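Report on the structure given below.
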Amino acid sequence: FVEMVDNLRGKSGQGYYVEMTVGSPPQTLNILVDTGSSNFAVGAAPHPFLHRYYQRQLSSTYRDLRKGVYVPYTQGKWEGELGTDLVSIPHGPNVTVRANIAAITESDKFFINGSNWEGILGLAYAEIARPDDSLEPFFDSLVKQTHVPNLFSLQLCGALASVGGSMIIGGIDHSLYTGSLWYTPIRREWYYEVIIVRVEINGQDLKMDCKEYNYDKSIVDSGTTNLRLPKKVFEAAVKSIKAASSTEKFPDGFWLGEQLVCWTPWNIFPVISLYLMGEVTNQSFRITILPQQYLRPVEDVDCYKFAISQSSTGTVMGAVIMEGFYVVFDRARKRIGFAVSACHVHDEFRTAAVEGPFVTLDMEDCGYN
Ligand SMILES: CC(C)(C)CCNC(=O)CCc1cc2cc(-c3ccccc3CCc3ccc(NC(=O)c4ccc(F)cc4)cn3)ccc2nc1N
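Residues 39 to 197, 207 to 310, 315 to 352, 358 to 425 in mature numbering (1 follows the signal peptide of the UniProt record, and there is no 0) are what the sequence shown lists, from first letter to last.
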């Protein structure tokens with residue numbers, strides 16, 4: 039899988055994208071890798087923020103589906119026209135598939151001014167695809183039309208300073224991780240939903256009812272920057288993280304993500324551990340991240361920014377988690393693997409960690425229904 043290593047690029051704060059081609063002759067586009075959505079959607083009209091965009095009528099292999107799609111999202115939206123075309127990943131498996139593409143004709147707060155990507159590759163499942171679950175997501179088409187196995191793995195390497212990393216399609220590459228891979232079950236195939244069974248700050252249990260950590264869900268999402276937590280958990284998390292870092296004094300709004308801190316005393320800040328439901332009854336494992344993961348440089352204001365925040369739609373394990381680990385989206389076996397990333401940012405004293413087995417009872421109770 040060595041041709042796929044280092045196939046991701048990006049800027050800090052702006053996402054990880056992969057190069058793709060669409061149509062005949064191929065049109066090259068940079069596309070955001072997003073395990074928290076399920077549509078392959080590309081700019082297809084000259085929005086001023088875009089380096090380029092999909093031009094359907096230049097593709098001999100384009101097929102119109104004569105249906106529109108409108109996707110609102112909190113702030114803004116995207117709107118487009120559905121069709122299919124030939125899609126490949128130059129630094130991916132040497133194959134080409136006919137996939138659905140949503141050609142974005144109108145959008146607000148979708149494209150980022152100064153970014154170098156022109157679309158989003160939604161890697162989650164059909165259930166959350168727009169307009170509905172009959173628009174086969176790209177990865178489902180890939181697997182179905184080729185002999186590429188039903189899994190992908192992501193190594194996101196955090197640092207506008209340049210990020211990079213690897214999306215290995217169809218397999219795993221052992222140079223990308225150290226120690227062992229531990230798997231948590233994908234609870235249901237829509238988002239990549241998981242169950243968190245325990246949380247620890249520098250090895251001290253938060254001691255909350257574990258339903259609270261997954262209220263109303265927990266997902267693994269390469270499309271989000273932050274470690275996002277339900278309100279009750281965020282408050283307890285922050286209170287304990289404040290207590291650890293009581294020596295040096297930061298503004299009150301810092302913890303709410305309203306400002307930044309400069310100088315780097317990594318020692319002072321605690322490690323954060325999530326225990327995830329394991330593969331066996333009463334068995335869990337834990338993943339641990341360092342301050343290097345949750346203190347993100349804000350470049351264009358050594359200055360840093362607090363990247364844990366609250367949610368009404370559940371825990372999001374974003375880039376804050378994923379940059380610590382090699383994450384294996386093992387769809388064929390309905391499980392997600394974590395191992396220590398060969399590229400995670402650490403210091404000479406501590407590192408990110410994946411360890412087990414641990415004994416955790418009543419883990420099913422932690423799931424929300
Ligand atoms: C509603 C939905 C089905 C389109 C997505 C459901 N998923 C979520 O609500 C989870 C968060 C998420 C929200 C999204 C929102 C949209 C969207 C729809 C209409 C207008 C605007 C948007 C926002 C576009 C967007 C999404 C993610 C990002 N991410 C980053 O820039 C980023 C990612 C990683 C990182 F380390 C740094 C930055 C940037 N722009 C698109 C894809 C999304 N992908 C996601 N994983």
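The beta-carbon is built from N, C-alpha and C at its ideal position, and this holds for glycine as well.
Just mark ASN425 as buried or exposed, buried being the case when its beta carbon has 16 or more other beta carbons within 10 Å. exposed
6 Å Cβ shell around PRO131 - same chain, five flanking residues per side excluded: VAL186, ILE216 and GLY217
For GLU379 and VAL71, what's the separation of their Cα atoms in angstroms? 14 Å
In three-state terms, what does DSSP make of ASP421? helix
Touch test, the stretch 59-69 against the stretch 94-112, Cβ-Cβ under 8 Å, three pairs minimum: Flag = yes, the stretch 59-69 and the stretch 94-112 touch.
Which residues bound the beta strand (DSSP E) around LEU173? Per DSSP, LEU173 belongs to no beta strand (DSSP E) and is neither H nor E.
In terms of alpha-carbon separation, which member of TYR108, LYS278, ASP220 and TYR54 lies closest to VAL43? Taking only the C-alpha atoms, the option nearest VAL43 is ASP220.
Threshold first: 3 residues or longer. Then list the beta strand (DSSP E) segments lying entirely within the stretch 107-158, N to C. 114-126 and 135-146
Exposure of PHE381, with buried meaning 16 or more beta-carbon neighbours within 10 Å: With a threshold of 16 other beta carbon atoms within 10 Å, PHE381 meets it and is buried.
Report the rounded CA-to-CA distance for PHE336 versus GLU174, giving the unit in angstroms. Distance between the alpha carbons of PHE336 and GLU174: 33 Å.
DSSP bridge partner residues for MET255 (one or two, in chain order): BP columns for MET255 are empty, so no partner.
If we call anything under 8 Å between Cβ atoms a contact, is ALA140 one with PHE78? yes
Which residues share a DSSP beta bridge with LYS289? Under the DSSP definition of a beta bridge, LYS289 lacks any partner.
Just to confirm my understanding: we take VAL285, look at its own chain, exclude 5 residues before and 5 after, and list those with CB closer than 8 Å. What are they? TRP302 and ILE364
Are the beta-carbon atoms belonging to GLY121 and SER145 less than 8 Å from one another? With respect to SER145, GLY121 sits apart: the two C-beta atoms are not nearer than 8 Å.
8 Å Cβ cutoff met for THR134 and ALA83: no
Who does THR339 pair with in a DSSP beta bridge? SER324 and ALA409
Identify every residue that forms a DSSP beta bridge with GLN93. According to DSSP, which records beta bridges pairwise, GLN93 is partnered with nothing at all.
Can you name the residues that DSSP bridges to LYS361? In the DSSP assignment, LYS361 forms a beta bridge with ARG347.
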